[PDB]
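**Student:** So that we are looking at the same thing, I have put the structure below in C-alpha cells.
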Amino acid sequence: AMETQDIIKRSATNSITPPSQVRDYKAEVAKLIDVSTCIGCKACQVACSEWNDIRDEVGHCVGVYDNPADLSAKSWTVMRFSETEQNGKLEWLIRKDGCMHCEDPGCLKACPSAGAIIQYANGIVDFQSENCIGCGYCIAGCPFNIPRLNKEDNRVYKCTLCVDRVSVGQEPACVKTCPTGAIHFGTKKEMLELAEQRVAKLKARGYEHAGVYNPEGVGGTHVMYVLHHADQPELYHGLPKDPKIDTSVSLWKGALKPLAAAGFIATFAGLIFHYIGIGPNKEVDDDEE
Amino acid sequence: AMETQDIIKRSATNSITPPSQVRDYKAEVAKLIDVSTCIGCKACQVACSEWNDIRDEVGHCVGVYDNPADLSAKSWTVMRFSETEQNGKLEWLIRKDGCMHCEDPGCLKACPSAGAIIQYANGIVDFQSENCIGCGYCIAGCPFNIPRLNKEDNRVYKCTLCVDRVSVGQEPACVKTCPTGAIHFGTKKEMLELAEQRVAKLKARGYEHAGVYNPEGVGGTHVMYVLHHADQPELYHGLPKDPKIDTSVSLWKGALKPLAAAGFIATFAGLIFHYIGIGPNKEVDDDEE
Amino acid sequence: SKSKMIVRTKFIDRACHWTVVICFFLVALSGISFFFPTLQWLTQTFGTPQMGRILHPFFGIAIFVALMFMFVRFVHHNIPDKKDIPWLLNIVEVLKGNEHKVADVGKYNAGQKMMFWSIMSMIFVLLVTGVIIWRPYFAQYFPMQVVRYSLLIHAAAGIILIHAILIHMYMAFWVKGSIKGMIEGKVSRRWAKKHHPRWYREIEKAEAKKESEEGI
Ligand code: HEM
Ligand code: HEM
Ligand SMILES: CCCCCCCc1cc(O)c2ccccc2[n+]1[O-]
Ligand code: SF4
Ligand code: SF4
Ligand code: SF4
Ligand code: SF4
Ligand code: SF4
Ligand code: SF4
Ligand code: SF4
Ligand code: SF4
C-alpha cells in the first residue's frame with residue numbers, strides 16, 4: 001500500500017500518523033456531467049461495466065426505463081430518470097448517478113478499518129479491498145448513498161473514477177464513451193470553467209436557476225453536475241440539496257472517541273489508585289491489629 | 001510487497017529469513033556524475049522534482065548560488081558549489097548531491113522497521129513508505145547524510161534512482177536532462193569503463209589525481225563520480241574521503257543484539273531455575289518442619 | 001510488637017511506584033520492538049508501530065520525572081556504608097535464603113541499594129541519550145557523531161535497565177510478602193525481623209520510646 005506516495009486521507013488512521021503523501025503536487029481532476037445535454041442512452045453504464053470487468057444480473061422491468069434500478073456491487077453507475085411538470089411543462093430529467101468523489105468523504109470518515117478507504121492527491125476516493133471488513137459503516141456515512149456490498153466477498157465497491165486509467169494519463173471509460181458530450185473530464189479548475197460557461201448558455205435560454213452542483217457541505221466534489229434547475233436538485237431523482245456529513249456520524253466518529261478514551265484512562269487510574277489507597281475489603285481488617 | 005521477487009536486502013529482517021529474491025539474474029545499473037563536465041545549471045534539480053511530483057518551498061539567498069541549501073523531503077538532489085584556490089588557481093568545483101545507492105547501505109542496516117528500506121538486485125536502494133515509522137535511524141546510519149524526514153507524514157524520502165522509470169526500461173529523469181552530458185547512466189560495468197576513460201583524458205590534461213569515486217568502504221556505489229581531484233574529495237563541498245558505516249552503528253546493529261539476547265535468555269533461565277531450585281523466601285521455612 | 005503489620009511505604013511512594021511500573025511496561029516493550037524487530041507483536045505496544053515511535057520518548061520522560069521524585073524520597077536510605085560489606089561477601093548465602101545469618105540489614109539491603117543506583121543511573125543515561133536521538137524535536141541540534149554514539153548507548157542502557165528490572169521483580173516475587181507492602185503499604189513485624197532486622201529494631205525503638213516519652 002502507499003506505493004504512490006500521494007495518499008492525502010486514509011480511513012481509520014490516527015491524525016498524528018498521516019499516510020505517505022510527499023508526492024502531492026498534482027492537479028485535482030474532475031468529471032462534469034451536464035444533465036442538460038444527457039440523452040439517457042446508458043452508454044456510460046455499459047462502458048463502465050465493460051471496462052471494469054463486472055456484470056450485474058439481468059433484472060426486470062417494473063414500469064420505468066431505469067435499469068438496473070439501483071447502484072450495486074456489479075453496477076457502479078446508473079442512469080436515474082424523472083418525469084415532472086413542476087416547472088410548468090413536461091420535462092424528462094435524466095441524471096447519471098454514482099460516487100461523487102467528495103473532497104471530505106463521509107465513507108472514509110465512518111470506516112473503522114485502517115486503509116480500507118483512501119483519498120489520492122488528485123481527488124479520487126478509492127476502496128482498498130484487502131482491508132475491507134464488510135461492516136457497511138461507509139453506506140451510512142456517505143451523504144449520497146453510494147457504497148454497495150458484494151454478497152460474494154463481503155466487501156463494498158463503487159465508481160473508482162477509473163483510477164486505473166487516470167493514474168496513467170487516460171480519461172475514464174464513461175467520459176470517453178458519452179455520445180453527446182454530456183460527460184466532460186479534465187482538471188477540476190477547467191471543469192469549473194466549462195461548468196460556468198454552460199450555466200451562462202442555459203440562463204440565456206431561459207433557465208434562470210441553472211447552476212453547478214459542487215456541494216460545499218462535503219468540501220466540493222470531483223464529480224460535478226450542470227443542472228437546469230439547480231434550485232431544485234431533488235427533481236433529479238432525489239439528488240440532495242445541500243448535502244453534508246450527518247451530525248450523528250460526525251459526533252460518533254469525532255468527539256465520542258477521545259471522550260471515551262478519557263473516561264477509560266480516568267476510570268483505570270481511579271480504580272487503581274483507589275485499591276492502593278484504601279486496600280482490600282476482606283472479612284476482617286480489624287483482627288489485623 | 002516483494003512482487004518483483006528480486007529483493008536482495010531488506011531492513012530489520014532476520015538473516016535466516018531472507019526476502020524473496022529468485023529473480024536476481026539482472027545487471028547492476030549505475031549513474032556516473034562527471035563533475036569535470038558539470039556546468040552547475042541545476043537542470044537535474046528541476047527534472048527530478050518535475051518527474052517525482054514534489055515541490056520544495058521558495059527559499060532565500062544567503063550569499064551563495066546553492067539553493068535549496070540542502071537535501072529535504074521535497075528536494076531529492078541538490079547542486080553543491082565550492083570556490084577554492086587550494087590547487088593553485090581559482091577553481092569552481094560543482095557537484096550533484098543525493099543518494100549514492102550504496103552496495104552495503106547504512107540506512108538499511110540502521111533501520112529498525114521491517115521492510116521500510118529495501119535493496120533491489122539491480123542496485124537501487126528504495127524506501128517502502130508504508131513501513132516507515134519516522135524514527136530517523138537511517139539519517140545517522142547513512143555515511144553521506146542523505147535521508148530526510150517529511151514533517152507532513154513522518155516518513156523519510158530521498159532519490160529513488162528513478163526506480164519507476166528504470167524498472168520499465170528508461171533512464172532516470174536527471175540523467176536524460178543533463179545539458180552537457182556530465183551525468184551518464186547504464187550498466188555499472190560500462191559506467192566504470194566510461195569513468196576510467198574520462199579519468200585518462202583528465203590526466204592527459206594535467207589532473208594527475210583525477211579518479212573515480214566508487215567507495216570500497218560501502219561496497220561501491222551505484223551513483224559514482226569522476227573527480228578532477230580524487231585525492232581531495234572534501235573540496236567538493238564535503239564529499240567524504242573513504243566513507244564507511246560508522247563503527248558505533250555497526251556494533252549497535254550487530255553484536256549488541258545477540259549478546260543482549262543471550263543475557264535475556266540466560267537471565268530468564270537462571271531466575272527460573274533459581275526459584276525452583278531454592279524455593280520461595282517466606283517468613284518461616286522453619287516452622288514448616 | 002502487638003500489631004500484625006508495620007507501615008513500610010507511604011501511599012504517595014506507592015502511587016508513584018505503580019505509575020512508574022505501568023509506564024515502564026509500555027516503554028520497555030516499545031523499546032524492545034525496535035531492538036528486536038523479529039518480535040513483531042511488540043510493534044503494537046502503543047497500538048501501531050508509527051504510534052509507538054511517537055509515544056515511547058514521552059512516556060520515557062514521565063518515568064524519569066517520577067523516578068526523580070522517588071530519588072529524593074529514598075536516596076538517604078540507599079546510601080552505601082561499611083555495614084553493607086558483609087552482604088556483598090555472602091551473596092551466595094543470601095541467594096539461598098539465609099541472609100539474616102550472614103548480614104546486617106537496615107531499611108533496604110545492599111542488593112537493593114545497588115539496584116537503586118543502577119536504576120537511577122541508567123534512567124539518567126536514557127534521558128540524555130534519548131533526548132539526543134529524538135526526532136523531530138532535538139536530534140537536529142546534535143552533531144551526527146554524537147547522535148550515533150547516543151543511539152549505541154541508549155540501546156545498551158535500555159537493555160541493562162530491562163535486565164535490572166527483571167531481577168528487581170523476581171526478588172520482589174521471591175522475598176514473599178514484599179508485593180503486598182508495595183500495594184497496601186504494610187509489612188508484618190516478622191518479615192521486618194527476618195529480612196530487615198536493624199530497620200525494624202529502629203521503628204520499634206522510635207515507636208515504644210516516643211510513646212514512653214509521652215509519659216503514659
Ligand atoms: C528517559 C527517557 C527516554 C527517552 C527521551 C527515550 C527516547 C527514545 C527514542 C527517541 C528512541 C528511538 C525511537 C523513537 O523515537 O521512538 C528510543 C529507543 C529506545 N529506547 Fe528509549 N527513551 C527513554 C527511556 C527509555 C527507557 C526507560 C528504556 C528501557 C525500558 C528505553 C529503551 C529504549 C530502547 C531499547 C530503544 C531502541 C534501541 C534500538 O532501536 O536498538 N528508553 N528511546
Ligand atoms: C511488576 C514490576 C515491579 C515489582 C513487582 C516491584 C516490586 C517492588 C517492591 C515490592 C518494592 C519495595 C520492596 C521493599 O519494601 O523492600 C519496590 C521498590 C522499588 N521499586 Fe519496584 N517493582 C517493580 C517495578 C519497578 C520498576 C519498573 C521500577 C523503575 C524502573 C522500580 C523502582 C523501584 C524503586 C526505586 C524501589 C525502591 C527500592 C530502594 O529504595 O532501594 N520498580 N519494587
Ligand atoms: C549481586 C546480586 C544483586 C541482587 C539484587 C538485590 C536487589 C533486591 C533484593 C531484595 O530482597 C528485594 C526485595 C524487594 C524489592 C526489591 C529487592 N531487590 O531489589
Ligand atoms: S453516456 Fe452520456 S448521454 Fe448517455 S446516459 Fe450517460 S451521461 Fe447521458
Ligand atoms: S464496509 Fe469496508 S470500506 Fe465500508 S466502512 Fe466497512 S471496512 Fe470500511
Ligand atoms: S459520494 Fe459517498 S462513497 Fe463517494 S466519496 Fe463521497 S462519501 Fe464516499
Ligand atoms: S469514472 Fe469509471 S468507474 Fe466511474 S462510472 Fe465512469 S467508467 Fe465507471
Ligand atoms: S544537470 Fe548536469 S550539468 Fe547541470 S547541474 Fe546537474 S549534473 Fe551539472
Ligand atoms: S525513518 Fe523510516 S526508513 Fe528511516 S530508519 Fe526509521 S522506519 Fe527506517
Ligand atoms: S547514500 Fe545513504 S541513504 Fe543512500 S543508500 Fe547509501 S546509506 Fe542509504
Ligand atoms: S535518479 Fe531520479 S530520483 Fe534520483 S536525483 Fe535523478 S531524477 Fe531524482
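Labels used: A, B, ... for chains in the order of the C-alpha cells, numbers from 1 for residues in each chain, and numbers from 1 for ligands as shown.
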Identify, counting only C-alpha atoms and all ligand atoms, the protein, DNA and RNA residues located within 6 Å of ligand 4, and give them as a list in words.

**Tutor:**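 Residues lying within 6 Å of ligand 4: residues 38, 39, 40, 41, 42, 43, 44, 96, 178, 179, 180, 182 and 183 of chain A.
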
**Student:** Give as a PyMOL selection string every residue of chain C that touches chain A within 8 Å, counting only C-alpha atoms.

**Tutor:** chain C and resi 2-5+11+14-15+50-51+183-184

**Student:** Rounded to one decimal place, report the atom 7 (S, counted along the ligand's line) of ligand 10-CA of residue 144 in chain B distance in Å.

**Tutor:** 6.6 Å

**Student:** Neighbours of ligand 2 at 7 Å or closer, counting only C-alpha atoms and all ligand atoms: which residues, as number ranges by chain?

**Tutor:** C: 8-9, 17, 20-21, 24, 67, 70, 74-75, 77-78, 108, 112-113, 115-116, 119, 165, 168-169, 172-173, 178-179, 181-182

**Student:** Restricting the calculation to only C-alpha atoms and all ligand atoms, which member of B:52, B:77, B:113, B:250 is positioned closest to ligand 9?

**Tutor:**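 Going through B:52, B:77, B:113, B:250 one by one, the smallest distance to ligand 9 is for B:113.
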
**Student:** Taking the chain letters and numbering used in this document, name the residues of range 39-230 of chain A that DSSP puts in alpha helix (DSSP H), as a ChimeraX atom specification.

**Tutor:** /A:43-52,106-110,137-141,163-166,173-177,188-204
